[PDB]
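Read the numbers this way: they start at 1 and go in the same order the structure lists the ligands and their atoms. Each chain gets a letter, A, B and so on, in the order the sequences are listed, and its residues count up from 1. Atom set for the values below is all heavy atoms of this structure, side chains included, hydrogens, waters and symmetry mates excluded.
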Amino acid sequence: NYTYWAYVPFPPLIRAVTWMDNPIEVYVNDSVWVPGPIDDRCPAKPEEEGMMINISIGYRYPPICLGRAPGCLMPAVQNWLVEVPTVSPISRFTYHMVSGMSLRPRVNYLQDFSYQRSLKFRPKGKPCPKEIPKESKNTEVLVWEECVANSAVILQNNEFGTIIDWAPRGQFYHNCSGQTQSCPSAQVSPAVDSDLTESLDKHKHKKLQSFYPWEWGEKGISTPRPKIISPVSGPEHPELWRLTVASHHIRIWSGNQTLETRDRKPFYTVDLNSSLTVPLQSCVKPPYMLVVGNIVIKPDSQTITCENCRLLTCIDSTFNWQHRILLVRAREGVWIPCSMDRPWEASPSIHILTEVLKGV
Amino acid sequence: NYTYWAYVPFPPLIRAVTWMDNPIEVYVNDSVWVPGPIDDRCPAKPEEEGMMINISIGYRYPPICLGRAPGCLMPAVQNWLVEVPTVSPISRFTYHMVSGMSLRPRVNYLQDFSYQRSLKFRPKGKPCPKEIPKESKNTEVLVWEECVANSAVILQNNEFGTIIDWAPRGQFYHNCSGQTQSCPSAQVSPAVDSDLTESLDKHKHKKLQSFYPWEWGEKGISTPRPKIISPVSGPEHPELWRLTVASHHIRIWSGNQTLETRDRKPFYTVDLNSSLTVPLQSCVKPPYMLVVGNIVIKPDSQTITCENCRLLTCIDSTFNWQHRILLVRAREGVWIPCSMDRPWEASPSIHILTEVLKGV
Amino acid sequence: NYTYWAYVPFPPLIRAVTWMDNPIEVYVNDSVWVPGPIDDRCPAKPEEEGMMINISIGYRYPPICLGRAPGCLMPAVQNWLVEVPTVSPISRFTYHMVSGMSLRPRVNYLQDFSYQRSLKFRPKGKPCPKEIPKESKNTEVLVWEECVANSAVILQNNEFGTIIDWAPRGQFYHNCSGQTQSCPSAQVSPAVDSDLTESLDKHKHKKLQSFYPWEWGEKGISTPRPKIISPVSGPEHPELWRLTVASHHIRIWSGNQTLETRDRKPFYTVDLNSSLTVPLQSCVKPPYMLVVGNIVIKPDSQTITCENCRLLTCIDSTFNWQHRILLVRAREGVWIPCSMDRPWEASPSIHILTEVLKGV
Amino acid sequence: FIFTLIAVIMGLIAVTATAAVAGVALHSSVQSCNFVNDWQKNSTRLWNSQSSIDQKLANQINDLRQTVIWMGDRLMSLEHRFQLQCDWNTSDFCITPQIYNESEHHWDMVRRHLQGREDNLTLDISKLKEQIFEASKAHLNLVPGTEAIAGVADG
Amino acid sequence: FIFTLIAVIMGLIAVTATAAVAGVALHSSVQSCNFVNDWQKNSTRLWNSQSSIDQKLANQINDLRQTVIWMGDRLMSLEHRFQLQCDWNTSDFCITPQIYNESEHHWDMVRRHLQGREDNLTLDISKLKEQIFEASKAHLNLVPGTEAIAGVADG
Amino acid sequence: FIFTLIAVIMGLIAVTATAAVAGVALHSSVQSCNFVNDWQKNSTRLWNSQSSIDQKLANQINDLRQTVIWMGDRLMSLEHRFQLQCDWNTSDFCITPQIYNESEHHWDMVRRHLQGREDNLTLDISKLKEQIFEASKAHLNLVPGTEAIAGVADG
Ligand SMILES: *[C@@H]1O[C@H](CO)[C@@H](O[C@@H]2O[C@H](CO)[C@@H](O[C@@H]3O[C@H](CO[C@H]4O[C@H](CO)[C@@H](O)[C@H](O)[C@@H]4O)[C@@H](O)[C@H](O[C@H]4O[C@H](CO)[C@@H](O)[C@H](O)[C@@H]4O)[C@@H]3O)[C@H](O)[C@H]2NC(C)=O)[C@H](O)[C@H]1NC(C)=O
Ligand SMILES: *[C@@H]1O[C@H](CO)[C@@H](O[C@@H]2O[C@H](CO)[C@@H](O[C@@H]3O[C@H](CO[C@H]4O[C@H](CO)[C@@H](O)[C@H](O)[C@@H]4O)[C@@H](O)[C@H](O[C@H]4O[C@H](CO)[C@@H](O)[C@H](O)[C@@H]4O)[C@@H]3O)[C@H](O)[C@H]2NC(C)=O)[C@H](O)[C@H]1NC(C)=O
Ligand SMILES: *[C@@H]1O[C@H](CO)[C@@H](O[C@@H]2O[C@H](CO)[C@@H](O[C@@H]3O[C@H](CO[C@H]4O[C@H](CO)[C@@H](O)[C@H](O)[C@@H]4O)[C@@H](O)[C@H](O[C@H]4O[C@H](CO)[C@@H](O)[C@H](O)[C@@H]4O)[C@@H]3O)[C@H](O)[C@H]2NC(C)=O)[C@H](O)[C@H]1NC(C)=O
Ligand SMILES: *[C@@H]1O[C@H](CO[C@@H]2O[C@@H](C)[C@@H](O)[C@@H](O)[C@@H]2O)[C@@H](O[C@@H]2O[C@H](CO)[C@@H](O[C@@H]3O[C@H](CO)[C@@H](O)[C@H](O)[C@@H]3O)[C@H](O)[C@H]2NC(C)=O)[C@H](O)[C@H]1NC(C)=O
Ligand SMILES: *[C@@H]1O[C@H](CO)[C@@H](O[C@@H]2O[C@H](CO)[C@@H](O[C@@H]3O[C@H](CO)[C@@H](O)[C@H](O)[C@@H]3O)[C@H](O)[C@H]2NC(C)=O)[C@H](O)[C@H]1NC(C)=O
Ligand SMILES: *[C@@H]1O[C@H](CO)[C@@H](O[C@@H]2O[C@H](CO)[C@@H](O[C@@H]3O[C@H](CO)[C@@H](O)[C@H](O)[C@@H]3O)[C@H](O)[C@H]2NC(C)=O)[C@H](O)[C@H]1NC(C)=O
Ligand SMILES: *[C@@H]1O[C@H](CO)[C@@H](O[C@@H]2O[C@H](CO)[C@@H](O[C@@H]3O[C@H](CO)[C@@H](O)[C@H](O)[C@@H]3O)[C@H](O)[C@H]2NC(C)=O)[C@H](O)[C@H]1NC(C)=O
Ligand SMILES: *[C@@H]1O[C@H](CO)[C@@H](O[C@@H]2O[C@H](CO)[C@@H](O)[C@H](O)[C@H]2NC(C)=O)[C@H](O)[C@H]1NC(C)=O
Ligand SMILES: *[C@@H]1O[C@H](CO)[C@@H](O[C@@H]2O[C@H](CO)[C@@H](O)[C@H](O)[C@H]2NC(C)=O)[C@H](O)[C@H]1NC(C)=O
Ligand SMILES: *[C@@H]1O[C@H](CO)[C@@H](O[C@@H]2O[C@H](CO)[C@@H](O)[C@H](O)[C@H]2NC(C)=O)[C@H](O)[C@H]1NC(C)=O
Ligand SMILES: *[C@@H]1O[C@H](CO)[C@@H](O[C@@H]2O[C@H](CO)[C@@H](O)[C@H](O)[C@H]2NC(C)=O)[C@H](O)[C@H]1NC(C)=O
Ligand SMILES: *[C@@H]1O[C@H](CO)[C@@H](O[C@@H]2O[C@H](CO)[C@@H](O)[C@H](O)[C@H]2NC(C)=O)[C@H](O)[C@H]1NC(C)=O
Ligand SMILES: *[C@@H]1O[C@H](CO)[C@@H](O)[C@H](O)[C@H]1NC(C)=O
């Protein structure tokens, strides 16, 4: 036998997409509610979605994974609220709200379950607004604008790396400045995970009542832009939220804040109602794919293993979050030794003369 | 005969540039009055400009054509006005104006010949100013800034597609809010097509008189950025106005708005005068070319035909708008079957042995 | 002999980087004090730095050179000052200042050694601030923002070309408007070249006293962005300052402006002190290199010659400004005639038959 | 991706205008490979003789989308060309060993492809490339056939 | 750099999932070149049969960094491929005349390279390429050796 | 377009500095092809041995203009190389069959081209490529001439 080195420029292998990569394109099929890029077509080969595969690969930089496991970012519901001032002695604002699946911040268990925050590596950009504009036209159409928050939330702070996000997160709260300790200093989330899955066809209502006015913050219709800062420094990835939002329906709310006199003192109430949901689809294009299943990441040996897992292109509202998502790409050329039964040859010219002599 | 498939990587064919393409570069030869990119050289082969050709091609997306015919955008004069506040009891403003060949909006024949407007697909960008700045330095140099108008004008709404432009258009008008119906609601264009062609060397004057003050809008020294929205969605093309503006001279005006008492009530007058014009040249570079002639577009079969038409690179003020302009590019490789008199061969090794035996 | 034309795709030659090139990347190893891009690694081949070479090349556009010679930009110290208003009857501001090696403007010898200035080719961008902000949090971290000054400084106005820079330069001065001729109208530089080299480990103090309040201008933490305007027009090069700043330590200052009554009239004093310096390293990456030595540029014949000069990749604080820096890049393919002892051949097929007949 | 060619024999306009007469016959029926060679000869010469990118024009580009997309098509075309097997006697363009059937590909599909159409009556390039890739392997075409080896091995 | 392939026989998902069974054997020991040929056969066919860039998706790209970095890797790979010397009987992929030593490169280095690792126990690609470049020159490999010329020149 | 090479035998600085001694003779007169081969040998080895783009540096790039202009030149150069005809015995660089006239191209034109000049006394590369393209066609050079076929066919 003769074994030689061989170069295969297009191997049928895949590589994991890492946090040191630059952002990739994720296409959604609904321009009304989600910014671009937009594509409403089905996958080019719909019969191939969901094929099973066994995976055992390594990496150099931490892979990008979504789900509930070590090394993957957990999903949760995020709320974006538009506030319109009202000239009336009994009402303060009229509300429009959008709820969707997004990236979950970590929680401070010392405080009242507040988000873990960081001030490291503040980027350049337009600051998030602190005041409601005096006028807002075309409330039905939602305008998404990139925004920089007063502080960054922490998405991961363990041996798999440190991920932070400078996009704002919105919640209901009370000022509690210039007041006594009776003022509650806890934040309230008007929507939870159940509002996106359970009883889609029915009418949903939410009510908040307190003796103090309700404020919303941080403001800004802006989506997460996470990045890694330890042990390596990488660029922002504003496309990851697009994959999570298509895993569930998005819910559209409307409502108001009103005021009435209770116990000889002002009483403030927030009402929100919804009977409308929108289904979405989010896809990546070749040479990018998705690996879905029980992804296991081992940070000590830098190995990714997943047994009996599926290969997909698109995420829709039938996704089960028992599984996890790993972003992959078709790999570059590789070098491999292979064995032949004859020595290496450059041309068949000697070979041709063999049958010429036989033909004489 | 033996007929085989052949690949030609550099065929001498051309492809039409469509509205789904990204913007291309157009070079002007005058930096003082027109923004970049700038190139003042003549075409590399001046002796080849104007060669005649017969064209019969197809397309997939609507082609970009300029002129007066179905499927092409009509040109018209646009006016950009710089206005400076004046502290005087008899004058309101001093004026600087530029008039150039541009893209013509459609006209509402129901109203007083107002422009057809649309609110669809509002882009992101700096809003167009609504108030005159209190001070303006260096009025002699004109600063062009991209701008988003309150509404988009419509350039085409037929079976060839829907083209809209979110850049502002400026006209003279009267504020009729809080007034009677005696105030005219019409809008006046201070310059027309004739001011760019007829009597270039003569002095041009324009006078407007009314009992109501004259306002200019929309403001902003901004050029058209048209795009297609139906039946396909494509990017903006801010370079198309550069080709039209070179087909005529541009005219520079100056003037003022003054006030005097007539019939015991204020009387407002606008004076503009001009004795200066600037000739320009606009060019595209290879692999892009221009097809000029009687271009015919058939939307049912998606065919472009043009008999006895010229191939050009540059547009100057000697252009005749009896003809139309089609943007084209050199085509990519093509596949063609051709016939040989012998079977396909990989090497001449067998051929070489033929004369070796003959040479023995 | 037979001499044929040959093409060498990767010759071991170099080309000079000119002002018509687009900006290249320069990596610094300190994210705290200098913006990105950041790389703290040593050169890949540290044993090759400083190899000697003789150079004799031509050019088409003026080369980019730094140092003290015809055709090269001279370095000098630039100061960036942060001002924080203080509410106190005896003090005006608290100060933070950074001093580093930068590009030197030309000097008007007619005036009180003021900078030569130009108003040509004003770029688009955010104007430089004219007023001190009332809210400046996190003064310890310095935020660098691109800025457009009221006027451009001139860096070169000779037969080698005209280089101008629209970035601001800051100095101490008095208003001297509404005052008498006794008001000094000269600008003062709080730091000089000696403050970066002499007595690094010692304490540095600077004091300014006058009967008129001290103002700083132009404001803005913005680095030079020079460009060529004559006889050719090229893009800005905001990376050249990164190479100069690493040739010396950068000095960090702090201080205040205070007020006291002297001779029954207000007396204003500026105090600055420093006991901290930071060393830096700046590098370029292959295929870019640096040529360091006695670089000579001849504009009449467009030749660059340098005898016994070193090749480098990184600049640090041990650099001697007796030498100069020329930016170079590995060259593209070239055409060269070479001679063979036999005629040109396409295949060895005839050669192979020669030993076949001999082997019979 | 942008060049200024002053000293070339023919410009892009002359190459396109002069080849149009012969392009009429190419659109109507199958021609000989010599006919195709004369038609594309000056176009291939023009695109093999540009020297360097015009730096004066290149450094003024603001939006890179159209340039990058153009470069991606050129890179893909070069990759496919490196894999093709071509007849030895023609070097301006590649002639593959794939025989034209004319029962799978009626001439109207070829004419529509030459005109720049991509409708459902046009020749499918992706399907055609798959056939050529499988039929052009070296172990099937590099060694001359029996009828050629026997003909030359007469003694 | 982005294509929509509708009429191809196999998509990227099927190509990746079907080859995974044979990839287990490739990760364990040295296989024959025929075995490697079958493993990569459908992947090479897919990447030689795309027609044109999907313009609908390409014109919507906002950040070009990831696209440009991908194109740079492809351009570098094509440059190195143009310089390699390959066995005549295999055209899908290049077999170099460099003999595998197995004393310098233990199989564990090869397995780590196939898995996508770049640690200090992985095969050094840059060092391997330098060895192959110096050992594959035309004046050392194009002319068949004496044992081959003598064997065929028996009369 | 940006790499970090740690384990290569020679860096870019050493390749440039070591070859400068021989470059003096190349600037003065015509040398043999063996001389040119030795002069460029280590430079060609360096540019065939880089492994992958340094991702730590590449993802920090803000302005892509210089990188795209560099890639466009490399793509154009690769396209022209794929069309050239080269002598079989030299594979590091391409030797064309175009005979050097020395009456059309005085040596001073060649020296100015090697120095990187583009004035009116410099060799015109575009005109030279057109001349080489027309003279290097396969039907004119692949078949050896009569004096070579007759010499080997002595019996
Ligand atoms: C972007 O891409 C996503 C991909 O998911 C599309 O989402 C799909 O949207 C369609 C249209 O809205 C949805 O279809 C609708 O589903 C409902 C019925 O199915 C439910 O109920 C039955 C039993 O009744 C169950 O078997 C089933 O599992 C579902 O729970 C109804 O809301 C709709 O019915 C309407 O149409 C049918 C047929 O025409 C009529 O009979 C009805 O009277 C009624 O009019 C409808 O069928 C679909 O479920 C979504 N797919 C999901 C969520 O995975 C987006 O539409 C697409 N967006 C754009 C803009 O292209
Ligand atoms: C960008 O590129 C455009 C290309 O169109 C250039 O435009 C040309 O500019 C030149 C210079 O301004 C113009 O030439 C001028 O034309 C006029 C004379 O020609 C007219 O009149 C005669 C009879 O008098 C007719 O025969 C002829 O057909 C024309 O109708 C005059 O305005 C000028 O004359 C001046 O120069 C001549 C010669 O030096 C003197 O004799 C005169 O006394 C006088 O000084 C001049 O010749 C030319 O017409 C333009 N071309 C057009 C419009 O197509 C731009 O200049 C260029 N810009 C930059 C910045 O490079
Ligand atoms: C970016 O890259 C630059 C590359 O220049 C790095 O700069 C180097 O930084 C180090 C660490 O600060 C400097 O080393 C320090 O130098 C001083 C001593 O050297 C001087 O004095 C001796 C004699 O006393 C002379 O021989 C010598 O020439 C110098 O004049 C001291 O400040 C420091 O000493 C400290 O460490 C030593 C050893 O650990 C202890 O003995 C001391 O007690 C003390 O703790 C130190 O050695 C080095 O000089 C810099 N190089 C230069 C200026 O060229 C940057 O650090 C790097 N930045 C980052 C963020 O990576
Ligand atoms: C080597 O090159 C020489 C010179 O080439 C000429 O000068 C260069 C500097 C460039 O400008 C070239 O483009 C230019 O051709 C060639 O000699 C030339 O040969 C031609 C063809 O035989 C001669 O043309 C003829 O000359 C006379 C007088 O006009 C008449 O017989 C004909 O009408 C015809 O024009 C030409 O004069 C001659 N030039 C010189 C300067 O001697 C030479 O052929 C070439 N060697 C080759 C190709 O092997
Ligand atoms: C491709 O380019 C070549 C030139 O490189 C073109 O060949 C040229 O064709 C013209 C027109 O037929 C020839 O002109 C002829 O000259 C004389 C009179 O001077 C006479 O024979 C004819 O009346 C005619 O005018 C020209 O000589 C010839 N040039 C050559 C052969 O070098 C060719 O036509 C081009 N082909 C295409 C398809 O573009
Ligand atoms: C690469 O793609 C080819 C097809 O282009 C694959 O070959 C195909 O393999 C399948 C599975 O073995 C064959 O199906 C077989 O068909 C019959 C019943 O119809 C029977 O023999 C088996 O039960 C099996 O189902 C299919 O015919 C065959 N297609 C061919 C030869 O054209 C090949 O497996 C792929 N290889 C890789 C590594 O991806
Ligand atoms: C291209 O690179 C090669 C190496 O890959 C260079 O060859 C090397 O040249 C040096 C200097 O002549 C040789 O050193 C010699 O070593 C011994 C003593 O140790 C003695 O023969 C001499 O005194 C000399 O110092 C070195 O061995 C040699 N390396 C080899 C042959 O592998 C070559 O010079 C480079 N050429 C260019 C143009 O850059
Ligand atoms: C929340 O409830 C309000 C109030 O009922 C809904 O708004 C009304 O919707 C009905 C049904 O289309 C309309 O006829 C009314 O004109 C709407 N306005 C009012 C003041 O009654 C609203 O649609 C609900 N929001 C959501 C998201 O379902
Ligand atoms: C474009 O096509 C027209 C129409 O066929 C050509 O004009 C005819 O040319 C023929 C051939 O010389 C003449 O016999 C006719 O008299 C011409 N005129 C007609 C039919 O009206 C024309 O030459 C073609 N143009 C180009 C540039 O090739
Ligand atoms: C046109 O008229 C409108 C309506 O009066 C002007 O807007 C008003 O501007 C005055 C300025 O004193 C304000 O007091 C009003 O509150 C404005 N009204 C509204 C509804 O906004 C507008 O400025 C005028 N435009 C021009 C160009 O003169
Ligand atoms: C419009 O007319 C004004 C007023 O005549 C012109 O401005 C004068 O131009 C002359 C001729 O150069 C100068 O001497 C005067 O100083 C200018 N000012 C005044 C107040 O008279 C103006 O140039 C004309 N505008 C155009 C565009 O031709
Ligand atoms: C300039 O001098 C001030 C005043 O001494 C320094 O600030 C003090 O630094 C010391 C030493 O760390 C601290 O203990 C003090 O708290 C600081 N403040 C005061 C008010 O004393 C300052 O560090 C010096 N600046 C530089 C750049 O060296
Ligand atoms: C082969 O093609 C030629 C033209 O190239 C034609 O003249 C000849 O008739 C053909 N032979 C046939 C059809 O047998």
Step-by-step disulfide (SG to SG under 2.5 Å) determination, F/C86 to F/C94:
CA-CA 5 Å; F/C86 318; F/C94 186; 2.0 Å; yes
Strictly inside 4.0 angstrom of atom 11 (N) of ligand 13, do you find any protein heavy atom?
yes
Are C/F319 and C/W321 near enough that their ring centres are under 6.0 Å apart?
yes
What protein heavy atom sits nearest atom 54 (O) of ligand 3, and how far away is it?
C/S317 OG, 3.7 Å
Side chain of D/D92, backbone of D/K41: donor and acceptor closer than 3.5 Å?
no
Check ligand 3 against C/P279 and write out every atom of the ligand that is under 4.0 Å from a heavy-atom position of the residue.
7 (O), 9 (O), 53 (C), 55 (C)
Given the protein's heavy atoms, is any one of them under 4.0 Å from atom 29 (C) of ligand 3?
no
When you measure from atom 8 (C) of ligand 13 to the protein, is at least one non-hydrogen atom found at a distance under 4.0 Å?
yes
Please write down residue, atom name and distance for the protein heavy atom closest to atom 5 (O) of ligand 13.
D/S32 CB, 4.2 Å
Tell me if a side-chain donor or acceptor on C/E49 pairs with a main-chain N or O of C/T313 at a distance below 3.5 Å.
yes
Residues D/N34 and D/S32: side-chain donor-acceptor under 3.5 angstrom
no
Would you verify that at least one protein heavy atom lies under 4.0 Å from atom 36 (O) of ligand 3, or report that none does?
no
Of all protein heavy atoms, the one nearest atom 4 (C) of ligand 3 is C/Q281 CB, 3.9 Å
Is there a donor-acceptor pair closer than 3.5 Å between any side-chain N or O of C/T244 and the backbone N or O of C/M101?
yes
Just go through C/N29, C/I38, C/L280 and tell me whose heavy atom is the nearest to atom 1 (C) of ligand 3.
C/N29
Heavy-atom protein contact below 4.0 Å for atom 7 (O) of ligand 3
yes
Are C/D40 and ligand 3 in contact, using a heavy-atom cut-off of under 4.0 Å?
no
Give, for atom CG of D/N37 and atom CG of D/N89, the distance between the pair rounded to the nearest 0.5 Å.
9.5 Å
Short check: is a protein heavy atom less than 4.0 Å from atom 41 (C) of ligand 4?
no
Check this for me: does any side-chain nitrogen of one of C/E25 and C/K285 sit under 4.0 Å from a carboxylate oxygen of the other?
no
Evaluate the pair C/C42, C/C314 and indicate whether the two SG atoms are within a distance below 2.5 Å.
no
Got the closest protein heavy atom to atom 45 (C) of ligand 4, with its distance?
F/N101 ND2, 2.5 Å
Counting only N and O atoms by type, is there a donor-acceptor contact under 3.5 Å from the side chain of F/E130 to the main-chain atoms of D/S49?
no
For atom 3 (C) of ligand 4, is the nearest protein heavy atom under 4.0 Å away?
yes
Closer than 4.0 Å and a protein heavy atom, does any atom meet both conditions relative to atom 30 (C) of ligand 4?
no
Yes or no: does F/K127 have any heavy atom under 4.0 Å from an atom of ligand 4?
yes
Are side-chain N/O atoms of C/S99 and C/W253 paired as donor and acceptor at under 3.5 Å?
yes
If we number the atoms of ligand 13 from 1 as shown, the ones under 4.0 Å from a heavy atom of B/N1 are 1 (C), 2 (O), 3 (C), 8 (C), 10 (C), 11 (N), 12 (C)
Taking 4.0 angstrom as the limit, do F/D119 and F/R112 come out as a salt bridge?
yes
Do the side-chain N and O atoms of F/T122 and F/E118 include a donor-acceptor pair separated by under 3.5 angstrom?
no
For atom 14 (O) of ligand 3, is the nearest protein heavy atom closer than 4.0 Å?
no
With a 6.0 Å cut-off on ring centres, are C/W335 and F/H105 close enough?
no
Identify, by atom number and element, the atoms of ligand 3 in contact range of C/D30, meaning under 4.0 Å from any of its heavy atoms.
60 (C)
Protein contact for atom 27 (C) of ligand 4 (heavy atom, distance under 4.0 Å)
no
Of the protein's non-hydrogen atoms, which lies at the shortest distance from atom 10 (C) of ligand 4, and what is that distance?
F/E104 CG, 3.7 Å
Got a donor-acceptor contact below 3.5 angstrom from the C/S282 side chain to the C/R242 backbone?
yes
As a test of the contact definition, would atom 59 (C) of ligand 3 count as having a protein heavy-atom neighbour under 4.0 Å?
yes
Distance below 4.0 Å between atom 47 (O) of ligand 3 and any protein heavy atom?
no
Atom 13 (O) of ligand 4 protein-contacted (non-hydrogen atom, under 4.0 angstrom)
yes
Can you confirm whether some protein heavy atom lies under 4.0 Å from atom 44 (C) of ligand 3, or whether none does?
no
